[PDB]
Amino acid sequence: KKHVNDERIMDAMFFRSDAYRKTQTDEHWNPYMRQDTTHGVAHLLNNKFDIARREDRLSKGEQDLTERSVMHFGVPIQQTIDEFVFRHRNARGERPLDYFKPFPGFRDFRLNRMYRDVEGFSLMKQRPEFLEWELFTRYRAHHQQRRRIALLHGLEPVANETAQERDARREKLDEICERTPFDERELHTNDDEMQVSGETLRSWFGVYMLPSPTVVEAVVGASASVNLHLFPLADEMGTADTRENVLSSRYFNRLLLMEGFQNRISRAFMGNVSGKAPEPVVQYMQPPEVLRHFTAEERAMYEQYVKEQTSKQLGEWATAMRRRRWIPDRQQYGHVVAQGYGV
Amino acid sequence: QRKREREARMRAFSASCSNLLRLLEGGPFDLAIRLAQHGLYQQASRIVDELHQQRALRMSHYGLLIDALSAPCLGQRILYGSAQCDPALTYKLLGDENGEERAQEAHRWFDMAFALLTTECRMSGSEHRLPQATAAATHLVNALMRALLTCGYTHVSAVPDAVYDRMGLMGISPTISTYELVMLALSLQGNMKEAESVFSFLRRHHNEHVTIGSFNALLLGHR
Amino acid sequence: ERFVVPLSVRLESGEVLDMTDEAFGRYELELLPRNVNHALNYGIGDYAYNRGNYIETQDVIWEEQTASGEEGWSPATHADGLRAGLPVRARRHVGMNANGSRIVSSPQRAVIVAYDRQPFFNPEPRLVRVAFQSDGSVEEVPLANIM
Amino acid sequence: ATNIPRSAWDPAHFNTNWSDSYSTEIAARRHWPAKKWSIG
Amino acid sequence: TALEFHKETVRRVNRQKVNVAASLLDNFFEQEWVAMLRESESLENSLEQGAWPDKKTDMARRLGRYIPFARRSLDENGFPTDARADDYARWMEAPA
Amino acid sequence: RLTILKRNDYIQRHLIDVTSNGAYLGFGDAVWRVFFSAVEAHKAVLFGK
Amino acid sequence: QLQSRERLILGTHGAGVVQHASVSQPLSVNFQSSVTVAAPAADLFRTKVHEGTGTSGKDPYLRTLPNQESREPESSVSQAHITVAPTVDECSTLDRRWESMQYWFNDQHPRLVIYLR
Amino acid sequence: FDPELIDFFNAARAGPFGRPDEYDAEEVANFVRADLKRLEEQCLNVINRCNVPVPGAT
Amino acid sequence: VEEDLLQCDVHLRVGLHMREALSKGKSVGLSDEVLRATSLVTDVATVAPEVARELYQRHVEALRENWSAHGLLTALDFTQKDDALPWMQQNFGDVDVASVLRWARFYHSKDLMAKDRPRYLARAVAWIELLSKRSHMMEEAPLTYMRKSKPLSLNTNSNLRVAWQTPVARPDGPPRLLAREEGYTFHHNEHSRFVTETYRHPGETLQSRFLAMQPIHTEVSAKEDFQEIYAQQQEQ
Amino acid sequence: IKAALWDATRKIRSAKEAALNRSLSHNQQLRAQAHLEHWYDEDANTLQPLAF
């Protein structure tokens, strides 16, 4: 019967596999018949050292060395993507809307993948609101003018650079960027993007989000948080500062403390979560669906295990907030009791 | 043909073993060297247990015994007979050969050698902390590592897990054999991500001191 | 010059030290995990910097990639958008005449002020009319000496 | 080294700019309407 | 697990019991072993050699890198998985 | 200490005060170029007879 | 620069375009009714190297990443013309290396000033 | 450095200074490093040409 | 060695000596007696103090060159001119010096052991030092020691790696165990850096609750130079 | 005392394991009858010489 188990079929799938079998490895004379690791891996671990490195390797998590005895050239990323496009008839929903115009430049065939230049923008959360995308794209331009001037005077990041050089170079580049004109011909309008003007940006967002060098100075120099200058502070000639200069890092470094901005970017929690521990990611924190099944005492084992883990990382954040450090001059760990002032 | 070659090789090994046992039951230092070299630790151990009593030894005597215990003749025997002349699997197929007891012997012997070397440092008139910078102790390191690589997988991975760490802890400035055995232990461990790292430090610092045995460690570990 | 905030520090036995902020920034912690600045990055990835600054996270990308070798002053070819004002690391023809067709030097930063993509306006080899970073000296150096 | 090279199976070697098989041969055979202009 | 391996979900649930007990064990081990390895301040004195037989270096450190049992891919009978790492991971996924 | 100090000042006024302005040096390019110009100028007497 | 590539292009089996976490359950549309409900993955089955059963994403109908070793594409970065930060163990030898005058007269980390000091 | 290379660098009866040249490990060091700089420049130019063609505009 | 033709030199000599005895008509004999009786080992057993003194002096001045208070080489009984060659085989038992010295005797068909005896001394010494792998060991140089390594917490770069600090580097320091148990393992790459990270100490500021903990990456050497360590200690 | 006694005991145990890991490795028929559990059913707690 079509797809119905039968006794001749049992006899047949056995006569087919083990036809005249003296042992499971009767046909293990052929090399590309022997090395096959489908139904296990034992037959290729022929001494105790083999299985010893096997288990040490599987403990340390490295890919089992007798596993690699068959070469499984995987499926190429290109084949999977190509098949997907073929099934879904060109991924028309996925191309960038510039794909669909005259001669999409080669950058316009690759899909709308989440390229990292949205790794940092705390402004837009998940759906950029009005002019939010346009300002994020203006700042893409700003960081690009950053890159231009950075390679310009040679402030490129260095493979083996240390922190002191890093922040020295940073405050070095901030000085020229925040003081050097921002280039406007670079302002390239993409697909379905609104091409907007600087004054409109400075009106909707305030000239604090689009600061001119003068307002950035007023932010970096003074100490107050009470002055988020959401409008133009006049120029040194008595006019409106119709000008913008490159986006550096020190200015946002100034803003990010004034709770007006830490909510403007909806990362407000920082006041409520500043000095406390994260939730312990306890391994095997089983759901109640099998806490139901941990027997009378395996449940006890489970709760003891998780309790010891939570206490571990909690005492760990205790030791994180302590910040005890090795004063060699006392050969000990000094725990600060108080601080001073500007000396 | 291969069978004849294996038989004629095991014949040489077994005849040597028998003639040696006959000498032993029926001079002593070459006897112990040959014993530990064919793989007769269990008899070369009591010889040295009484050679130690009368201070019949020095820094380098236990050292000699350590390297000779790694059983070169037995390595070549296993190699020809069981490994089918495979230099990697010769370590894996010697490791079954009492590699722990051969390893416990090599260890205790090395510690004895350290005792004797510090004893020499403090009897040589300059009483102070200087057994490490003695290249002799560094070569005890290299020799214990060579006598460990011949043993089980546990120790093959112990060479750069506890022998290297203890070396650094005591302050034994490493020799080329120590770096090549770092590499060869990592290579018979499978940790090429660490062996090529050792090689990077070398090529970027001491390529005049890289010999072909370290590239051998690589060609074995990638294999 | 120094603008320090002192720190009255407690020791393991009880004595208190008058140690500077700077000189304790150097002395070594007891237990330094990686989830310490989570508080700014709660629940989400716990980073080594301020996620609040897109600009600093962008230099995070810059330094991380440039360390990983995804970025670098690789040798250039014609395909890389050699337009006006692309930052470029050139190598100079060091000035001599009676020498055979040129004498060439180390990599020295530059930027392109004049280039033609035309296979006619810019033959083989494509002399990149560049202006260097030292003072802006304009000379034509081919693309073989550009990174 | 590997008789089948790295760049073909290596996802680390995958092109960030791999523009696929139907993509260009579709966006190429198009001809955008010849009548952008009311007159011409 | 050994007893009830054939049971599609009961085997997986008892393998969860295994992974929890062995996690507790290996945390126990990684602290009660570095405790016995911190008991070497008795021997870090100017008995600088104490020639052959030290307990940590290396009567205790000779035994090498430890294998935790939450990870030791043990099969049905109590011996490491003849099945591969992939197969065994799938076999021992969560009852969720 | 006077010996040490007036060696300090001599290497500070004759080498390090020269190399203080890398941009003046043109970052090696200018220094090589000026050598190539020196031999340009005295082609006659360096490789003569 | 694909985001979360170390989980997506590298470790997500199906390249992030293929969705594995689903069943063969029948839905009354003529498309999704053509797929019969498959009895679950066999409990103790020893499956092959390239084929899984399809219960999860990590155990998909066709495993995609190879068993080969995962090494980056060797960067095109010039390790030769690069200006790198002088380590203590790069200046412990600074009196001995043959370098060019951009190496000595670098703006970023000049090395002739290190040599003269 | 290698003795073969020194014995090849200095297998000359006379050279440029009016006297036979003794090339050490370092005078040959700068030579081989300059050569290898040249070879890497050419090699990476190749690879850069080898990634530049894409299906779009090869 | 594999063919045991090490002794085909002396065996050619005895086969000839016996083509003399048989040609005279005398019966012959094959034993160690005729072995030590050929001119070879007679003349090669007299050079034993000469070769051994040279070997000892070469390797002790090499260590003085490059630590030098001890050598690895065992006691060569100097004035005891007897125990030189057995001391030699105990010292470099990986090769048969009996055959090295009897090979390096002839120098382009010129018996050095009769004519240029210091040439033979520095010749057989080069030959034993090269053929015996153990000689290479005790003629090794002082390399430097790489501290093991562990990744950074506040990741400035990945190539920049928490270095392993041992007590011999820093005694005024932490009570540390071995680098394995403390987590560090072996890693270095063409750009690696060895670093200790801690951040600036936070007082009562607003950045100290809302920002990241700024580190000062205190970068340490790539090598634990125990030789310069004991040298500094001798320099006080 | 107990540490060195256990040392001698684990010596004996690993020797009884090694005298088995050699046998199974060099048995041509037990290796043709390919099984992993061969290397595992016998160990120094069950091979013939036992301490009780």
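List of remarks:
Letters A, B, C, D, E, F, G, H, I and J mark the chains in the order given here, with residues in each chain numbered from 1 onward.
Simple rule for what comes next: a contact is a pair of C-beta atoms (placed from the backbone, for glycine too) under 8 Å apart; a residue touches a chain by one contact, two chains touch by 3 or more.
Fewest steps needed to get from chain E to chain J, stepping only to touching chains, is 1. Comparing each chain's Cα centroid with the centroid of every protein Cα atom identifies chain G as the most central.
Taking the CA centroid of chain C as reference, the farthest chain centroid is that of J. Chain centres here are Cα averages; for chain A and chain I they lie 50 Å apart. Chain geometry summary: the mean Cα position of chain A and that of chain D are 28 Å apart. We define each chain's centre as the mean of its Cα atoms; on that basis chain D and chain I are separated by 60 Å.
Contact of a single residue of chain C with at least two other chains is seen at positions 5, 7, 21, 24, 27-29, 33, 36, 39-40, 50, 52, 61, 63, 67-69, 71-72, 74-75, 105-106, 108. Each of the following residues of chain F touches two or more other chains: 23, 26-29, 32. Residue positions of chain B touching 2 or more other chains, listed in rising order: 93, 96, 131, 154, 157, 161-162, 165-166, 169, 191.
Per the touch definition, chain J reaches chain B in the complex via residues 7, 10-11, 14-15, 18, 21-22, 25-26. The touching residues of chain B, counted against chain A in their complex, run 89, 91-93, 95-96, 152-154, 156-157, 188-191. Those residues of chain A that touch chain G in the complex are listed here as 37-40, 63, 67-68, 70-75, 77, 80-81, 84, 113-119, 154-155, 158-162, 165, 169.
By the touch criterion given at the top, residues 41, 44-45, 48-49, 52 of chain H touch chain C in their complex.
Interface of chain H with chain G (complex): residues 26, 29-30, 33, 36-37, 40-41, 44, 47-48.
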